[PDB]
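The form deposited in one PDB entry is given below as one chain in structure tokens.
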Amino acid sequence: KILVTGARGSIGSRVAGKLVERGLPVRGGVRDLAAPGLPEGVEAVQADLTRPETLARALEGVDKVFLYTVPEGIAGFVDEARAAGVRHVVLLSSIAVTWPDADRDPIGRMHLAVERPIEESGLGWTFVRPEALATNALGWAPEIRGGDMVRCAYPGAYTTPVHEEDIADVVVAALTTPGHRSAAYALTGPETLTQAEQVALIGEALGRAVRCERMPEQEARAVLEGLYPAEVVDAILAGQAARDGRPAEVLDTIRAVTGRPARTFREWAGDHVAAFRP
């Protein structure tokens, strides 16, 4: 049995589906059993890391777990995993842990505080460490739906966005094929792209020009305070200013693990085109 936590999510849903396709018994962690909103063949379970007694029942007879970095409860998970006889944990982490002075960064520190307890536990592990998720572009969907323009603080800020399906394929490979125990994979998409480049690629999927223009930082800060705590807004804008005009690193890891080219953001945009139009 494999437990896929967050089995309703972008990545977890695809992992669980692909595992059922291979004829494997899959448990899917969900918020509510009346739902469950999961692929055919996945057994819905509560796997709430803030209630470790739910974890104990979720892990009964489970061989392997796909885990997403919970903000709370990793020590409780490690305990119950050990006691249940789990042999392999695949963790969705972040490429931030690989950067210099990752302790000095909040995002880096958050992910390190989940990796380290797993690393020190005695459990078999694989870490999957993506850069920016392509799915972050869905945040522009409401704006793109109504306009020919996305306004942002840093149109020139680079990321290397990774398609969720590639992440899911790497996770599935780590769970079902040999050579991934104690491996930590840094995943990027095949191209480093500016925000403005990404917007234009969504325009291409839609078949119409979508521009990306600079807005003053204070305006951008105000709007972002509509979505986030003022502290987090400050950190977002600092990260974007640092990546402004700075191509991010492109890694070959997806191809090296899966044997298939990494999916492009152009491909991503086409796959998700329905989100961007009426």
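We call the rigid core the largest set of C-alpha positions that still match within 1.5 Å between the two forms. All residue numbers are counted from 1 along the displayed sequence.
**Report entry** Mean C-alpha B-factor comparison - 146 to 154 and 102 to 110, higher one
**Finding:** Comparing 102 to 110 with 146 to 154, the higher mean C-alpha B-factor belongs to 102 to 110.
Query raised in the report: Comparing 15 to 23 with 263 to 271, where is the mean C-alpha B-factor higher?
Result: Taking the mean C-alpha B-factor of 15 to 23 and of 263 to 271, the larger value falls to 15 to 23.
Query raised in the report: Between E80, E115, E164, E131, where does the Cα B-factor run highest in the record?
Result: Most elevated C-alpha B-factor of the set, per the entry: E80.
Query raised in the report: When you compare the CA B-factors of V250, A242, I236, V223 as listed in the entry, which one comes out on top?
Result: When the deposited C-alpha B-factors of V250, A242, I236, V223 are compared, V223 is largest.
Query raised in the report: What third of its chain's C-alpha B-factors does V170 belong to: lowest, middle or highest?
Result: Lowest third - that is where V170 ends up once the chain's C-alpha B-factors are sorted.
Query raised in the report: What third of the chain, by the recorded C-alpha B-factor, contains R57?
Result: Middle third.
Report task. Grab the CA temperature factor for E120 from the record and place it in the lowest, middle or highest third of its chain. Result -> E120: CA B-factor falls in the highest third of its chain.
Report task. Within this chain's modelled residues, let me know which third the CA B factor of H180 belongs to: lowest, middle or highest. Result -> Its C-alpha B-factor, which the entry lists for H180, ranks in the lowest third among residues of this chain.
Report task. Ordered by C-alpha B-factor within the chain, which third holds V65? Give me lowest, middle or highest, please. Result -> Lowest third, going by the recorded CA B-factors of the chain.
As for the form deposited in another entry, it is not shown, yet the points below apply to it.
**Report entry** Only residue that shifts (Cα, 2 Å or more, rigid core superposed) between this form and the one not shown, among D63, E43, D234, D244
**Finding:** Once the cores are aligned, the residue moving by 2 Å or more is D234.
Query raised in the report: Rigid core fitted, is the C-alpha displacement of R211 between this form and the one not shown 2 Å or more?
Result: Superposed on the core, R211 moves its C-alpha less than 2 Å between this form and the one not shown.
**Report entry** Core-superposed C-alpha of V26 shifting 2 Å or more between this form and the one not shown
**Finding:** No: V26 shifts by under 2 Å between this form and the one not shown.
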